[PDB]
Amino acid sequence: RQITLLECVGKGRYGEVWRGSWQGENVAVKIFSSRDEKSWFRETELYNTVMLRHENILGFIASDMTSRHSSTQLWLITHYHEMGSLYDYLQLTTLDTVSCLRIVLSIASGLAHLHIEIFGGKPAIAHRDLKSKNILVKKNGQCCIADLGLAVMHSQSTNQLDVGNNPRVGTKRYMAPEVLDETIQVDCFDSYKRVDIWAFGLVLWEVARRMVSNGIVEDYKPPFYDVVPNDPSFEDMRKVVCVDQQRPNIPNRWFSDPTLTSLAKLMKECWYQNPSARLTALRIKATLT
């Protein structure tokens, strides 16, 4: 509500995010364009109607409408996290195994807790836009998942699939093949879970490259850096992913470390071209434990 904005710490395609004061404390304030009211709606929807509290999910505080510069602003107020996004984090620092396992574990927990229905409780939720920019790194080393603005929900009791009406689509670079060739089954909640696993496999590759094993690392590179431009188009991503069926190549320096060898095994099982073959968030969480 009555919060003072102190610094804007970044912008994406759907709004700005500010570091602000509430009760003299640091909170993140994502300000939506009214051009993107549907994502502010969907995120407010989940965080108000679903008990969505968990160590590895961005903590919610409030949602509100306010007036600035003679115009209406849609605020989503969440936990501020000093160290920013996994994507920024991976570029400024290298990882050792205990910090790299702590990251991929935390994301695995967050995704699985989203993906399963709890009775007592919460419906099953698929994310639909998971990527390194939509994961935050917290002061205690755990990562959490943010941006529920494209989320779909399913409840076993009703067996009703809630898809929303947001016409926004996922970040093109991270789309699974079934999204790109438009043969995803839109009526089947599990399809959406398998889109998330695929992207998770991409995030996994991003993290592994930055773990120091025998004093060597790769530089941070986004998935398919070598075959598609920045801001790749819908058809750019289709040629690589669907037609020629390329996957990020695994550096064989990783075969000179035991963990990197387990994560290479994890990733490949997240990006089978056949979505039924892909691991679930529940296995991935298990293996990493």
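Numbers follow the displayed sequence, beginning with 1.
Visitor: Which class fits the unmodelled deposited stretch between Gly215 and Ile216: none, 1 to 3, 4 to 9, or 10 or more?
Guide: Gap size class: none, per the record.
Visitor: Averaging only over Cα atoms, indicate whether 140 to 148 or 179 to 187 has the higher B-factor in the PDB entry.
Guide: Result: 179 to 187.
Visitor: Can you tell me whether 38 to 46 has a higher mean C-alpha B factor than 229 to 237 in this record, or the other way round?
Guide: Taking the mean C-alpha B-factor of 38 to 46 and of 229 to 237, the larger value falls to 229 to 237.
Visitor: Say you rank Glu117, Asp96, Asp162, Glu206 by Cα B-factor from the PDB entry; which sits at the top?
Guide: Highest C-alpha B-factor among the listed residues goes to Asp96.
Visitor: Among the chain's modelled residues, which third holds the C-alpha B-factor of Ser71?
Guide: Highest third of the chain for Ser71's C-alpha B-factor.
Visitor: Select lowest, middle or highest to describe the third in which the CA B-factor of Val169 falls within its chain in this entry.
Guide: Tercile = lowest for this residue's CA B-factor.
Visitor: Split into thirds by Cα B-factor across the chain's modelled residues, where does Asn56 land: lowest, middle or highest?
Guide: CA B-factor rank for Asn56: lowest third.
Visitor: What third of its chain, lowest, middle or highest, does the C-alpha temperature factor of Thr158 fall into?
Guide: For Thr158, whose C-alpha B-factor we compare with every modelled residue in the chain, the answer is the highest third.
Visitor: Would you check the entry's CA temperature factor for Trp254 and let me know if it's in the chain's lowest, middle or highest third?
Guide: Its C-alpha B-factor, which the entry lists for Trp254, ranks in the highest third among residues of this chain.
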